[PDB]
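Visitor: Attaching a single structure in structure tokens format; questions to follow.
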Amino acid sequence: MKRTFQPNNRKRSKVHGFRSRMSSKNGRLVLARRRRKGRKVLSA
Amino acid sequence: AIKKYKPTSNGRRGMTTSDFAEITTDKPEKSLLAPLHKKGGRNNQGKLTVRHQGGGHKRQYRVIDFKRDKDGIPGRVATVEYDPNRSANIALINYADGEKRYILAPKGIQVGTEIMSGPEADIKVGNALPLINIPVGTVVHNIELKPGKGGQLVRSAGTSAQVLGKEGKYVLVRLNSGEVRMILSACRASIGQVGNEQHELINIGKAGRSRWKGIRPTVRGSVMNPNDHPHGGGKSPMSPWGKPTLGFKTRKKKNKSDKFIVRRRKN
RNA sequence: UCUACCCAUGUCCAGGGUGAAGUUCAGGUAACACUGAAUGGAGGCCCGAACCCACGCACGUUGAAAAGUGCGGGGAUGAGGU
RNA sequence: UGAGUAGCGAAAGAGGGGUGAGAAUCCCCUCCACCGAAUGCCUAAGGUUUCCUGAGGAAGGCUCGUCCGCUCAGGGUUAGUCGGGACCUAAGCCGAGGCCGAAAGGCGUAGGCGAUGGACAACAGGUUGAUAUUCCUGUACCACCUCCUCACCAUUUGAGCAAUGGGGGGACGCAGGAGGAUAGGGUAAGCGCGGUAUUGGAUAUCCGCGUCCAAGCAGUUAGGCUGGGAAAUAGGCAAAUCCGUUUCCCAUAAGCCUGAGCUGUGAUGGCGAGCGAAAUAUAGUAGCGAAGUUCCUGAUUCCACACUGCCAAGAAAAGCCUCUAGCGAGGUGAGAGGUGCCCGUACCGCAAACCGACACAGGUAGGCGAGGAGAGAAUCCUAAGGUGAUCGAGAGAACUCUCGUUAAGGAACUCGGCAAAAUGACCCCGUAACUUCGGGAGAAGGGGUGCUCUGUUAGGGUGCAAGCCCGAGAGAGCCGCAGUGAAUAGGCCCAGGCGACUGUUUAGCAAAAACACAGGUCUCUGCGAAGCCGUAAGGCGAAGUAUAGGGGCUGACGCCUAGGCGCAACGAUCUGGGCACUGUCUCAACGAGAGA
RNA sequence: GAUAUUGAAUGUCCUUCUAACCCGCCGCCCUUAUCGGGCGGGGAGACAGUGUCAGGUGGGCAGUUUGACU
RNA sequence: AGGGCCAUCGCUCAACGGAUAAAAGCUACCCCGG
């Protein structure tokens, strides 16, 4: 009855954010990839 | 003593409980408390390491002295309270000087009686002094292994050890549960047996009463799926991880405390 | 961000019934035990809404719905729900 | 192609006017119907312009459309006091030095960050097409400043200020029953209306109304303190006149800190039934305005986690108050005048604006939540308020589904009384074999309940009174086929077997007889414990210490010993038997609604 | 068990002190700090831990396999 | 040193033309094809 998606902004920015991609070594790789492809929206 | 509930239900049939006879107050000492939060048996990596723990009633840590460095000051007893963390029940002592403190309560203590802690203190019922002054053949508790640390052994409810040999700087003691040992010289020791000794006469009565204490259920190894246990599906005893625990001593083959153990319990 | 367990801090549970320990006067005995009154208000207690389950039957199965609706059923101050 | 076929997604509308090229579907009116512990109002997460006005008729609305949560142009969101930041901290996260590791990296001290919690100054009315504790009109409160005016202290033998430090305080569980109030809800004064055309009423008749803030002065139920006073002080790193500790005098009243509320003032104010204009860019708006009291009932809210009981013993830090260290030459206390930043603010929040692909019979924290009968937030009908649910017309065939009634028999049907019928509400009488003495037990089985009169009964609550409110139990009488006259509410009884019990688990697959449980029993562990996670540092075990911890096997209690006995209690348990009952059946027949 | 970390005297590997080395013991400063280390004290000590090197225990942990006829 | 050439020794490779220095069972929870 209850679905697998219930929205929230805090829990989004705190996990898929930019300051949490950039605070690692692999997250920086994700950013470099998505800049290589050419994407418009790098991080959530 | 203990009181036995009347069976006006199914889940309150065998249940008995302490009667809290000796408690003299229902409030703690506000200036001697510290916070304490549950852990659930979870490591510093969040990974569950010990099973069968977690969840209960909220508690708080009550300051209790275990070194008794305040020697040469006669102090008296004021109250005897309840302590959720220990098994015995602690006592609040006010010194004649002004500083308050907590101590373990021996068997039979009475509010008013002063307590000494110096080397020249005379053996009584609630005093603490170095072992190289205690007579031979006396009951004692709250013992310590390195002089200057604080009691660690025999700090349970009802327990008591026995001091019977005094060699060169190595007065040897008999801990609870046999295992006669030879602890160091200058360490301190409390004279007397600890209190609230009926603590081994309690029916927890019902399944939910353990959960108030913080003990989660246990899943038996005989009912398991094949790929966790050598009992699952459907010789030598084993363990969730592998241990032949039916007569294998787990104490180290070689250790550092070997020169100080004279005879062992060995059942 | 669904679901399992745990940690911190909040919040919710219409009404009704039974009547334990104890206490005060009685018999009551050596006081007791033990039998009577009044007072008291325990409980993984009882009947039952909100809430939580999804046990039964029927209807739906190119469904209103990729698991629901109607009529019953269990718990409902707790090892409770959120 | 199937095919102009299946579907058209719970539900009450009808008629009269209007605009329009065009109307079952849009607007206005009048009756009628549905929700009313919500289908009412207010405010979170989330959404992001959906909000208001003027145009529109390509596409989207399961039909239509002149309408729209759709398209095109404009417009709209105002804060010293509300929520968040220039305040504080929990779990957790980051982490200078530092410790580990082939490297990448892992852990962690000081120190920070982090509300779901603690601190903290504003209320009542009015108004626009669209905002209101923000704008406007009344009255307020808080912090900080001094070109200013008063008053009183001060001269280093010192008036004042005062910690980043020490104390006090903030400061905390669950249940139960009193008390005292008030929000709310109903009679008697009073006020404006009214006179009824269907037989009757100037009547003990009918309709509607009615009050009021924060703040500032006064006093107050209650409450706690377990009494305050003096002196001396090996402790609170230093200090102390504060706190703590001890011994002396009176204390049972002085004092202490708290408080729900109530009476004046705010208020020569503003709301208020209801009257009523212009015409206006064709309003029930501008405008005017009566009375505005006592009585009865009363919380699920407040005093207040206050009191009592119990054990499973119930967060931290800051604002605040004091203490000296320390600063010092000018200060304290009133008035008068000033200063007060950033972010959110419309609108939907039980819904066609959020999550489910859809305008989807689903899901969505909290705060209020009225009346009659009632124990009640149950049940039926209604108030304030909201709604007409987005395809229709007519015909009343077989058949499918959801409902109602039935002759005579009643389980004869079937693997199996699956399903449906009967009982159920209060009050009295009465209540067995067994029993782990509590239970079994609402056991089983019996009887009464409507209206009127004596009756404002006996009696009870409130008040001086008058007057309101709750009410047994008895007599006499009246009616019906029938009096818990409708809706909502246990079917019972024997005999055995299993599991002690409450609980958890196969929800996009089945439940018990499976898992767990209180208790028993074995075994390891002397504390840097054993055992666990990690390469290791670091941790859980535990701020624990053999009456304590980790690992196995079994499962209450009582007898009889690692065998066996006892069902009492409890099951959406299992297997047989009996009463009441019924369209399950002999054997089917009419009627209603949806589809066809 | 072997080896290297690894000190000194009687005894033949017997007694023996400690300055190597180890302390999840006490005090003081860096420092406002339960981390870390610097100095003092106590306890133990040629042990213990450690690198290499020579065996056993090792479903603890892996990789795999087990013909044709009918 | 070792190697070659010439006589010659080592096997139930017994599945005997010999895939090797050496190899067991369960899986209508199971997974993929003719």
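If you're wondering about the labels, chains in the structure tokens are A, B, ... by order shown, residues count from 1 in each chain, ligands from 1 in order shown.
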Return as a ChimeraX atom specification the residues belonging to chain B that are within 6 Å of chain D, counting only C-alpha atoms (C1' of nucleotides).

Guide: /B:7-8,10,41-44,49,96-99,152-153,157,199-200,205-207,212,246

Visitor: Taking the chain letters and numbering used in this document, name the residues of stretch 122-221 of chain B that DSSP puts in alpha helix (DSSP H), as a list in words.

Guide: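 So, restricting stretch 122-221 of chain B to alpha helix (DSSP H), we get residues 207, 208, 209, 210, 211, 212 and 213 of chain B.
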
Visitor: Using the selection just defined, write its residues with N, CA and C atoms as a PDB file, in the first residue's frame.

Guide:
```
ATOM      1  N   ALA B 207       8.218 -13.359  30.397  1.00  0.00           N
ATOM      2  CA  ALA B 207       9.136 -13.125  29.290  1.00  0.00           C
ATOM      3  C   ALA B 207       9.507 -11.662  29.155  1.00  0.00           C
ATOM      4  N   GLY B 208       8.550 -10.775  29.340  1.00  0.00           N
ATOM      5  CA  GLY B 208       8.825  -9.374  29.148  1.00  0.00           C
ATOM      6  C   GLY B 208       9.629  -8.723  30.240  1.00  0.00           C
ATOM      7  N   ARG B 209       9.868  -9.405  31.356  1.00  0.00           N
ATOM      8  CA  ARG B 209      10.609  -8.749  32.421  1.00  0.00           C
ATOM      9  C   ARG B 209      12.096  -8.725  32.149  1.00  0.00           C
ATOM     10  N   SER B 210      12.607  -9.662  31.359  1.00  0.00           N
ATOM     11  CA  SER B 210      14.005  -9.568  30.974  1.00  0.00           C
ATOM     12  C   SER B 210      14.235  -8.403  30.035  1.00  0.00           C
ATOM     13  N   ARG B 211      13.276  -8.107  29.167  1.00  0.00           N
ATOM     14  CA  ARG B 211      13.450  -6.999  28.247  1.00  0.00           C
ATOM     15  C   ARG B 211      13.525  -5.664  28.962  1.00  0.00           C
ATOM     16  N   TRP B 212      13.005  -5.570  30.181  1.00  0.00           N
ATOM     17  CA  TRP B 212      13.206  -4.357  30.956  1.00  0.00           C
ATOM     18  C   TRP B 212      14.654  -4.220  31.385  1.00  0.00           C
ATOM     19  N   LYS B 213      15.357  -5.338  31.516  1.00  0.00           N
ATOM     20  CA  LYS B 213      16.763  -5.336  31.876  1.00  0.00           C
ATOM     21  C   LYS B 213      17.678  -5.244  30.670  1.00  0.00           C
TER      22      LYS B 213
END
```

Visitor: Which residues of chain B come within 12 Å of chain F, and what is each one's closest atom pair and distance in Å (one decimal), counting only C-alpha atoms (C1' of nucleotides), sorted by chain and residue number, as a tab-separated table?

Guide:
```
residue	atom	partner	partner_atom	distance
B:225	CA	F:29	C1'	10.9
B:226	CA	F:29	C1'	11.4
B:233	CA	F:26	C1'	11.3
B:234	CA	F:26	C1'	11.5
```

Visitor: Select from stretch 29-185 of chain B everything DSSP, run on the backbone, classes as strand (DSSP E), then give the selection as number ranges by chain.

Guide: B: 33-34, 61-62, 75-80, 91-95, 100-103, 128-130, 138-141, 161-167, 170-174, 180-181

Visitor: For chain E, which residues have at least one atom within 9 Å of chain B, if we go by only C-alpha atoms (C1' of nucleotides)? Write them as JSON, numbers by chain, please.

Guide: {"E": [25, 26, 42, 43, 48, 60]}

Visitor: Write a file of the selected residues as a PDB file, in the first residue's frame, keeping N, CA and C atoms (P, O5', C5', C4', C3', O3' and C1' of nucleotides).

Guide:
```
ATOM      1  P     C E  25      47.601  -0.071  33.800  1.00  0.00           P
ATOM      2  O5'   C E  25      46.751   0.500  35.014  1.00  0.00           O
ATOM      3  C5'   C E  25      46.927   1.840  35.443  1.00  0.00           C
ATOM      4  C4'   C E  25      47.487   1.904  36.840  1.00  0.00           C
ATOM      5  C3'   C E  25      47.876   3.287  37.329  1.00  0.00           C
ATOM      6  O3'   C E  25      46.775   4.007  37.843  1.00  0.00           O
ATOM      7  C1'   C E  25      49.624   1.763  37.791  1.00  0.00           C
ATOM      8  P     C E  26      46.728   5.603  37.717  1.00  0.00           P
ATOM      9  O5'   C E  26      47.838   6.110  38.736  1.00  0.00           O
ATOM     10  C5'   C E  26      47.574   6.106  40.125  1.00  0.00           C
ATOM     11  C4'   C E  26      48.589   6.906  40.895  1.00  0.00           C
ATOM     12  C3'   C E  26      48.881   8.295  40.364  1.00  0.00           C
ATOM     13  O3'   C E  26      47.907   9.246  40.760  1.00  0.00           O
ATOM     14  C1'   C E  26      50.909   7.191  40.844  1.00  0.00           C
ATOM     15  P     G E  42      61.273   3.597  43.219  1.00  0.00           P
ATOM     16  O5'   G E  42      59.944   2.724  43.117  1.00  0.00           O
ATOM     17  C5'   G E  42      59.076   2.566  44.231  1.00  0.00           C
ATOM     18  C4'   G E  42      57.768   1.941  43.815  1.00  0.00           C
ATOM     19  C3'   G E  42      57.862   0.544  43.222  1.00  0.00           C
ATOM     20  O3'   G E  42      57.937  -0.477  44.197  1.00  0.00           O
ATOM     21  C1'   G E  42      56.560   1.885  41.807  1.00  0.00           C
ATOM     22  P     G E  43      58.797  -1.791  43.890  1.00  0.00           P
ATOM     23  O5'   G E  43      58.027  -2.487  42.687  1.00  0.00           O
ATOM     24  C5'   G E  43      56.791  -3.136  42.918  1.00  0.00           C
ATOM     25  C4'   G E  43      56.258  -3.797  41.673  1.00  0.00           C
ATOM     26  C3'   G E  43      57.163  -4.804  40.997  1.00  0.00           C
ATOM     27  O3'   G E  43      57.171  -6.056  41.656  1.00  0.00           O
ATOM     28  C1'   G E  43      56.177  -3.411  39.372  1.00  0.00           C
ATOM     29  P     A E  48      59.913 -16.358  27.196  1.00  0.00           P
ATOM     30  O5'   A E  48      59.023 -15.062  26.951  1.00  0.00           O
ATOM     31  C5'   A E  48      57.851 -14.832  27.719  1.00  0.00           C
ATOM     32  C4'   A E  48      57.230 -13.495  27.401  1.00  0.00           C
ATOM     33  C3'   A E  48      56.969 -13.207  25.934  1.00  0.00           C
ATOM     34  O3'   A E  48      55.792 -13.823  25.451  1.00  0.00           O
ATOM     35  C1'   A E  48      57.973 -11.327  26.939  1.00  0.00           C
ATOM     36  P     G E  60      33.610 -25.427   9.316  1.00  0.00           P
ATOM     37  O5'   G E  60      34.648 -24.217   9.350  1.00  0.00           O
ATOM     38  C5'   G E  60      35.935 -24.358   9.942  1.00  0.00           C
ATOM     39  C4'   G E  60      36.620 -23.024  10.110  1.00  0.00           C
ATOM     40  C3'   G E  60      36.681 -22.154   8.867  1.00  0.00           C
ATOM     41  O3'   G E  60      35.476 -21.447   8.626  1.00  0.00           O
ATOM     42  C1'   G E  60      38.816 -22.221   9.868  1.00  0.00           C
TER      43        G E  60
END
```

Visitor: May I ask you to extract the residues of chain A within 8 Å of chain C, using only C-alpha atoms (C1' of nucleotides), and to give them as a list in words?

Guide: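 Written out as asked, the residues are residues 3, 4, 5, 6, 7, 8, 11 and 12 of chain A.
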
Visitor: Name all residues at most 12 Å from residue B:87 (count only C-alpha atoms (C1' of nucleotides); drop same-chain ones fewer than 2 positions away) and give them as a list in words.

Guide: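 That gives residues 81, 82, 83, 84, 85, 89, 90, 104, 105, 154, 155, 156, 157, 158, 159, 194, 195, 196, 197, 198, 199 and 200 of chain B; 544, 545, 547 and 548 of chain D.
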
Visitor: What's the 12 Å shell around residue E:65, counting only C-alpha atoms (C1' of nucleotides), without same-chain residues fewer than 4 positions away, as a VMD selection string?

Guide: chain F and resid 20 22 to 24

Visitor: Chain D residues within 10 Å of chain A, counting only C-alpha atoms (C1' of nucleotides): which ones, as a PyMOL selection string?

Guide: chain D and resi 45-46+104-105+354-356+362-364

Visitor: Keeping only N, CA and C atoms (P, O5', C5', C4', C3', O3' and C1' of nucleotides), write the selected residues as a PDB file, in the first residue's frame.

Guide:
```
ATOM      1  P     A D  45       7.456  22.142   6.290  1.00  0.00           P
ATOM      2  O5'   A D  45       7.416  20.612   5.879  1.00  0.00           O
ATOM      3  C5'   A D  45       8.501  19.758   6.183  1.00  0.00           C
ATOM      4  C4'   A D  45       8.307  18.397   5.580  1.00  0.00           C
ATOM      5  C3'   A D  45       8.492  18.298   4.082  1.00  0.00           C
ATOM      6  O3'   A D  45       9.846  18.186   3.705  1.00  0.00           O
ATOM      7  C1'   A D  45       6.521  17.173   4.714  1.00  0.00           C
ATOM      8  P     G D  46      10.410  19.019   2.464  1.00  0.00           P
ATOM      9  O5'   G D  46       9.461  18.621   1.260  1.00  0.00           O
ATOM     10  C5'   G D  46       9.511  17.334   0.679  1.00  0.00           C
ATOM     11  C4'   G D  46       8.298  17.077  -0.174  1.00  0.00           C
ATOM     12  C3'   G D  46       8.102  17.992  -1.356  1.00  0.00           C
ATOM     13  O3'   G D  46       8.919  17.658  -2.455  1.00  0.00           O
ATOM     14  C1'   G D  46       6.067  17.750  -0.232  1.00  0.00           C
ATOM     15  P     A D 104      48.997   7.517   0.464  1.00  0.00           P
ATOM     16  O5'   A D 104      47.697   6.960  -0.252  1.00  0.00           O
ATOM     17  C5'   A D 104      47.228   7.555  -1.445  1.00  0.00           C
ATOM     18  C4'   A D 104      46.002   6.854  -1.957  1.00  0.00           C
ATOM     19  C3'   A D 104      44.754   7.008  -1.118  1.00  0.00           C
ATOM     20  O3'   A D 104      44.077   8.231  -1.314  1.00  0.00           O
ATOM     21  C1'   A D 104      45.050   4.752  -1.614  1.00  0.00           C
ATOM     22  P     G D 105      43.223   8.843  -0.111  1.00  0.00           P
ATOM     23  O5'   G D 105      42.165   7.706   0.207  1.00  0.00           O
ATOM     24  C5'   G D 105      41.580   7.592   1.490  1.00  0.00           C
ATOM     25  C4'   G D 105      41.810   6.225   2.078  1.00  0.00           C
ATOM     26  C3'   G D 105      41.352   6.028   3.510  1.00  0.00           C
ATOM     27  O3'   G D 105      39.978   5.722   3.608  1.00  0.00           O
ATOM     28  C1'   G D 105      43.542   5.230   3.280  1.00  0.00           C
ATOM     29  P     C D 354       0.649  17.392  -7.182  1.00  0.00           P
ATOM     30  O5'   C D 354       1.140  17.030  -5.719  1.00  0.00           O
ATOM     31  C5'   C D 354       2.348  17.558  -5.208  1.00  0.00           C
ATOM     32  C4'   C D 354       2.796  16.814  -3.982  1.00  0.00           C
ATOM     33  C3'   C D 354       3.103  15.345  -4.171  1.00  0.00           C
ATOM     34  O3'   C D 354       4.405  15.121  -4.676  1.00  0.00           O
ATOM     35  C1'   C D 354       1.766  15.637  -2.257  1.00  0.00           C
ATOM     36  P     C D 355       4.665  14.036  -5.823  1.00  0.00           P
ATOM     37  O5'   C D 355       4.575  12.639  -5.082  1.00  0.00           O
ATOM     38  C5'   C D 355       5.695  12.123  -4.389  1.00  0.00           C
ATOM     39  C4'   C D 355       5.445  10.727  -3.897  1.00  0.00           C
ATOM     40  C3'   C D 355       5.021   9.732  -4.948  1.00  0.00           C
ATOM     41  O3'   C D 355       6.100   9.242  -5.712  1.00  0.00           O
ATOM     42  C1'   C D 355       3.619   9.522  -3.075  1.00  0.00           C
ATOM     43  P     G D 356       5.823   8.611  -7.153  1.00  0.00           P
ATOM     44  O5'   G D 356       4.949   7.332  -6.838  1.00  0.00           O
ATOM     45  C5'   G D 356       4.259   6.681  -7.885  1.00  0.00           C
ATOM     46  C4'   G D 356       3.349   5.599  -7.375  1.00  0.00           C
ATOM     47  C3'   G D 356       2.358   5.062  -8.386  1.00  0.00           C
ATOM     48  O3'   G D 356       2.916   4.090  -9.248  1.00  0.00           O
ATOM     49  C1'   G D 356       1.218   5.609  -6.422  1.00  0.00           C
ATOM     50  P     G D 362      -9.841   5.461  -1.629  1.00  0.00           P
ATOM     51  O5'   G D 362      -8.483   4.719  -1.286  1.00  0.00           O
ATOM     52  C5'   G D 362      -8.490   3.465  -0.633  1.00  0.00           C
ATOM     53  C4'   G D 362      -7.146   2.799  -0.746  1.00  0.00           C
ATOM     54  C3'   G D 362      -6.046   3.394   0.110  1.00  0.00           C
ATOM     55  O3'   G D 362      -6.071   2.916   1.444  1.00  0.00           O
ATOM     56  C1'   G D 362      -5.269   3.197  -2.087  1.00  0.00           C
ATOM     57  P     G D 363      -6.166   3.929   2.687  1.00  0.00           P
ATOM     58  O5'   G D 363      -4.704   4.530   2.786  1.00  0.00           O
ATOM     59  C5'   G D 363      -3.599   3.669   2.987  1.00  0.00           C
ATOM     60  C4'   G D 363      -2.292   4.395   2.846  1.00  0.00           C
ATOM     61  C3'   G D 363      -2.136   5.657   3.664  1.00  0.00           C
ATOM     62  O3'   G D 363      -1.832   5.405   5.022  1.00  0.00           O
ATOM     63  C1'   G D 363      -1.385   6.053   1.477  1.00  0.00           C
ATOM     64  P     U D 364      -2.395   6.374   6.162  1.00  0.00           P
ATOM     65  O5'   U D 364      -1.647   7.746   5.898  1.00  0.00           O
ATOM     66  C5'   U D 364      -0.240   7.843   6.025  1.00  0.00           C
ATOM     67  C4'   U D 364       0.234   9.250   5.790  1.00  0.00           C
ATOM     68  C3'   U D 364      -0.516  10.332   6.532  1.00  0.00           C
ATOM     69  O3'   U D 364      -0.081  10.464   7.864  1.00  0.00           O
ATOM     70  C1'   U D 364      -0.214  10.973   4.287  1.00  0.00           C
TER      71        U D 364
END
```

Visitor: Neighbours of stretch 471-481 of chain D within 10 Å (only C-alpha atoms (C1' of nucleotides); same-chain residues fewer than 3 positions away dropped), as an MDAnalysis selection string?

Guide: chainID D and resid 450:454 457:460

Visitor: Okay, now the selection with N, CA, C and O atoms (P, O5', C5', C4', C3', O3' and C1' of nucleotides), as a PDB file, in the first residue's frame?

Guide:
```
ATOM      1  P     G D 450     -40.653   0.631  30.677  1.00  0.00           P
ATOM      2  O5'   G D 450     -41.394   0.577  29.276  1.00  0.00           O
ATOM      3  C5'   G D 450     -40.969   1.405  28.208  1.00  0.00           C
ATOM      4  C4'   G D 450     -42.105   1.774  27.293  1.00  0.00           C
ATOM      5  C3'   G D 450     -42.974   2.919  27.751  1.00  0.00           C
ATOM      6  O3'   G D 450     -42.390   4.177  27.489  1.00  0.00           O
ATOM      7  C1'   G D 450     -44.328   1.157  26.981  1.00  0.00           C
ATOM      8  P     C D 451     -42.438   5.332  28.595  1.00  0.00           P
ATOM      9  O5'   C D 451     -43.953   5.798  28.583  1.00  0.00           O
ATOM     10  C5'   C D 451     -44.459   6.527  27.481  1.00  0.00           C
ATOM     11  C4'   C D 451     -45.951   6.665  27.553  1.00  0.00           C
ATOM     12  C3'   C D 451     -46.483   7.428  28.744  1.00  0.00           C
ATOM     13  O3'   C D 451     -46.420   8.829  28.570  1.00  0.00           O
ATOM     14  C1'   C D 451     -47.709   5.445  28.471  1.00  0.00           C
ATOM     15  P     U D 452     -46.266   9.791  29.839  1.00  0.00           P
ATOM     16  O5'   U D 452     -47.648   9.650  30.598  1.00  0.00           O
ATOM     17  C5'   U D 452     -48.782  10.364  30.158  1.00  0.00           C
ATOM     18  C4'   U D 452     -49.989  10.043  30.996  1.00  0.00           C
ATOM     19  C3'   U D 452     -49.963  10.516  32.429  1.00  0.00           C
ATOM     20  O3'   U D 452     -50.254  11.891  32.558  1.00  0.00           O
ATOM     21  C1'   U D 452     -50.801   8.322  32.329  1.00  0.00           C
ATOM     22  P     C D 453     -49.633  12.713  33.778  1.00  0.00           P
ATOM     23  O5'   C D 453     -50.361  12.106  35.051  1.00  0.00           O
ATOM     24  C5'   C D 453     -51.732  12.373  35.280  1.00  0.00           C
ATOM     25  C4'   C D 453     -52.168  11.898  36.635  1.00  0.00           C
ATOM     26  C3'   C D 453     -51.145  12.000  37.737  1.00  0.00           C
ATOM     27  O3'   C D 453     -50.806  13.321  38.154  1.00  0.00           O
ATOM     28  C1'   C D 453     -52.132   9.896  37.846  1.00  0.00           C
ATOM     29  P     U D 454     -51.501  14.090  39.374  1.00  0.00           P
ATOM     30  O5'   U D 454     -51.252  13.186  40.658  1.00  0.00           O
ATOM     31  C5'   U D 454     -52.142  13.284  41.755  1.00  0.00           C
ATOM     32  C4'   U D 454     -51.974  12.168  42.750  1.00  0.00           C
ATOM     33  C3'   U D 454     -50.763  12.240  43.650  1.00  0.00           C
ATOM     34  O3'   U D 454     -50.898  13.195  44.679  1.00  0.00           O
ATOM     35  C1'   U D 454     -51.090  10.023  42.918  1.00  0.00           C
ATOM     36  P     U D 457     -40.969  15.074  43.838  1.00  0.00           P
ATOM     37  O5'   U D 457     -41.745  13.764  44.265  1.00  0.00           O
ATOM     38  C5'   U D 457     -42.999  13.862  44.910  1.00  0.00           C
ATOM     39  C4'   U D 457     -43.244  12.656  45.763  1.00  0.00           C
ATOM     40  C3'   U D 457     -42.142  12.354  46.754  1.00  0.00           C
ATOM     41  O3'   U D 457     -42.272  13.111  47.945  1.00  0.00           O
ATOM     42  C1'   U D 457     -42.672  10.398  45.561  1.00  0.00           C
ATOM     43  P     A D 458     -40.987  13.755  48.665  1.00  0.00           P
ATOM     44  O5'   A D 458     -40.268  12.508  49.338  1.00  0.00           O
ATOM     45  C5'   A D 458     -40.962  11.695  50.266  1.00  0.00           C
ATOM     46  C4'   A D 458     -40.203  10.432  50.582  1.00  0.00           C
ATOM     47  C3'   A D 458     -38.754  10.606  50.979  1.00  0.00           C
ATOM     48  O3'   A D 458     -38.597  11.041  52.316  1.00  0.00           O
ATOM     49  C1'   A D 458     -38.928   8.848  49.427  1.00  0.00           C
ATOM     50  P     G D 459     -37.964  12.485  52.617  1.00  0.00           P
ATOM     51  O5'   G D 459     -36.539  12.416  51.918  1.00  0.00           O
ATOM     52  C5'   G D 459     -35.526  11.598  52.469  1.00  0.00           C
ATOM     53  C4'   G D 459     -34.618  11.028  51.414  1.00  0.00           C
ATOM     54  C3'   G D 459     -33.487  11.915  50.941  1.00  0.00           C
ATOM     55  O3'   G D 459     -32.420  12.041  51.860  1.00  0.00           O
ATOM     56  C1'   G D 459     -34.489  10.911  49.085  1.00  0.00           C
ATOM     57  P     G D 460     -31.769  13.488  52.108  1.00  0.00           P
ATOM     58  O5'   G D 460     -30.898  13.738  50.805  1.00  0.00           O
ATOM     59  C5'   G D 460     -29.710  12.999  50.601  1.00  0.00           C
ATOM     60  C4'   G D 460     -29.189  13.144  49.200  1.00  0.00           C
ATOM     61  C3'   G D 460     -28.618  14.493  48.823  1.00  0.00           C
ATOM     62  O3'   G D 460     -27.328  14.740  49.345  1.00  0.00           O
ATOM     63  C1'   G D 460     -30.008  13.749  47.099  1.00  0.00           C
TER      64        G D 460
END
```

Visitor: Mind listing as a PDB file with C-alpha atoms (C1' of nucleotides), in the first residue's frame which residues of chain C are within 8 Å of chain B, counting only C-alpha atoms (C1' of nucleotides)?

Guide:
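Contents of result-v7.pdb, freshly written:
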```pdb
ATOM      1  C1'   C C   6      19.789  -0.723  16.908  1.00  0.00           C
ATOM      2  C1'   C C   7      20.920   4.643  18.892  1.00  0.00           C
ATOM      3  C1'   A C  20      -4.299  -8.436  44.384  1.00  0.00           C
ATOM      4  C1'   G C  43      -2.392  -6.875  36.024  1.00  0.00           C
ATOM      5  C1'   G C  44       2.664  -9.142  29.240  1.00  0.00           C
ATOM      6  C1'   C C  45      -6.065  -9.067  33.393  1.00  0.00           C
ATOM      7  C1'   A C  79       7.762  -8.332  24.455  1.00  0.00           C
TER       8        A C  79
END
```

Visitor: For atom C1' of residue C:24 and atom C1' of residue D:222, determine how far apart the two atoms are, in Å to one decimal place.

Guide: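 If I compute the distance from atom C1' of residue C:24 to atom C1' of residue D:222, I get 28.5 Å.
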
Visitor: Give me, as a list in words, all polymer residues having an atom no more than 12 Å from residue D:217, counting only C-alpha atoms (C1' of nucleotides) and skipping those fewer than 4 positions away in the same chain.

Guide: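 Once the nearby chain positions are removed, what remains is residues 263, 264 and 265 of chain D.
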
Visitor: Would you list the contacts of stretch 52-59 of chain E as a PDB file with C-alpha atoms (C1' of nucleotides), in the first residue's frame, taking every protein, DNA or RNA residue within 12 Å and counting only C-alpha atoms (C1' of nucleotides), but skipping same-chain residues closer than 2 positions in sequence?

Guide:
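Result file is out28.pdb:
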```pdb
ATOM      1  CA  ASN B 227      24.558 -22.690   5.656  1.00  0.00           C
ATOM      2  CA  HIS B 229      25.613 -24.044  11.498  1.00  0.00           C
ATOM      3  CA  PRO B 230      26.716 -27.685  11.433  1.00  0.00           C
ATOM      4  CA  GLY B 242      33.673 -22.667  15.234  1.00  0.00           C
TER       5      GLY B 242
ATOM      6  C1'   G E   1      61.028 -26.225  18.424  1.00  0.00           C
ATOM      7  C1'   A E   2      65.667 -23.033  15.259  1.00  0.00           C
ATOM      8  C1'   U E   3      67.540 -18.448  14.745  1.00  0.00           C
ATOM      9  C1'   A E   4      68.625 -12.573  15.634  1.00  0.00           C
ATOM     10  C1'   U E   5      67.347  -8.982  18.098  1.00  0.00           C
ATOM     11  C1'   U E  50      58.834  -9.452  17.133  1.00  0.00           C
ATOM     12  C1'   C E  61      39.325 -20.635   3.986  1.00  0.00           C
ATOM     13  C1'   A E  62      39.560 -21.907  -1.309  1.00  0.00           C
TER      14        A E  62
END
```
